[PDB]
Every structure is written in C-alpha cells, then in structure tokens.
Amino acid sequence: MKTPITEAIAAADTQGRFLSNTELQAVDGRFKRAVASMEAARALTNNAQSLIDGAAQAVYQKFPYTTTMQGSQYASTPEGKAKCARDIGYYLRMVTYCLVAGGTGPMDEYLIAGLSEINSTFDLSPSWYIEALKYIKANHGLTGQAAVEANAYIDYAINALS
C-alpha cells in the first residue's frame, strides 16, 4: 500500500540504499500531521451510524425511483435497502482508513480498483454514491485541517465516480 512512509522506503529501496535524511524528515512530517488526521477518523467512526443512515435517506430522497423501481439493483426491497446502507458504510469506512494511513491508498486498493466495472456489471448508478458522499461532507461536522483532509478523500471518491 502506498503511504507517505512506504513511499520514502520504496525510493530508498529502488536505489538499493539506506534511507536519506530528507526521507526521515518526510516521515517526521507525516508523524506530526497524523495526530489531526487520526482524530478526524475517530470522530467519523464515532458518528458512523448516523452518517450512514442519513446518507442513505438523502439518496432515496434525491432519487425516489430507487425505492420503487423493480430490480435487484434498486432499493425497492429490504434486501436492496440493506445492500445500499452496506455500500455507503464501505465508502465512509474507506474515508476513515485514508485518514489513518495518510493517503488515498486504502480507497485505491479496496474500493476504486474495479469500481467502474462493478457499477457497470451490477447496474449501480455512480450518481447515487456521489449524493451519499455529498451528504457525508455536509454533516460530518469536522472543522479545520480535519475537514480539509476528510473532504479531500471524499472529493477523491467523487472524482473516481465521475
């Protein structure tokens, strides 16, 4: 997985050499920024159920056909509502992992790789997940650097869906 720390190590390994002073200061910078990032991840984690619940309802309100139109890809059944809440929770979980890891790597590996193919094969509209992500941004209540970082990962997910 790519993180600021694994990137420093990979650079040294590529050149067959021990780590440089610049590489160590890069990791020091990561350590100093990690404090605020992990606090953001814990705040999102503590509020995850409310954010997931609210985001799902926001999608259903924006796109009412998703709760009536027939088909297993829609949320017209309890099983479909459960799939949708599950997926929204996955996206929020990935945001928290990016905050912990210091970059997009977790979302890249566990969600974005293959995303277009999954949404196509299973007939899932990217617009649904974009609306869920906008709701999360509007309601997570983060401020300062925590908001910059969380919204960076949310906007990155929106870009991947766009």
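Numbers follow the displayed sequence, beginning with 1. Each form is matched to the other, and the largest set of C-alpha atoms that superpose within 1.5 Å is called the rigid core.
Overlaying the structures in 8 other deposited structures of this protein on the rigid core, point out which of 15-23 and 141-149 has the bigger RMS C-alpha shift. Relative to the shown form, the greater RMS C-alpha distance in 8 other deposited structures of this protein belongs to 15-23.
Which segment is farther from the shown form on average in 8 other deposited structures of this protein after a rigid core fit, 66-74 or 29-37, going by CA atoms? Taking the RMS over all superposed structures in 8 other deposited structures of this protein, 29-37 lies farther out.
Mean temperature factor over C-alpha atoms, higher-scoring stretch between 16-24 and 144-152: Going by the record's values, the stretch with the higher mean is 16-24.
Using only the Cα atoms and their B-factors as the entry lists them, report which of 132-140 and 65-73 averages higher. Per the PDB record, 65-73.
Criterion, highest CA B-factor; candidates, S125, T104, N46, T96: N46 has the highest C-alpha B-factor of those listed.
Lowest, middle or highest third of the chain for the C-alpha temperature factor of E117? Tercile = middle for this residue's CA B-factor.
Relative to the other modelled residues in the chain, which third contains the C-alpha temperature factor of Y110: lowest, middle or highest? CA B-factor rank for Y110: lowest third.
How does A56 rank on Cα B-factor within its chain, lowest, middle or highest third? Within its chain, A56 is a middle-third residue by C-alpha B-factor, going by the deposited values.
Per the entry's values, where does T6 land by CA temperature factor relative to the rest of its chain, in the lowest, middle or highest third? Middle third - that is where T6 ends up once the chain's C-alpha B-factors are sorted.
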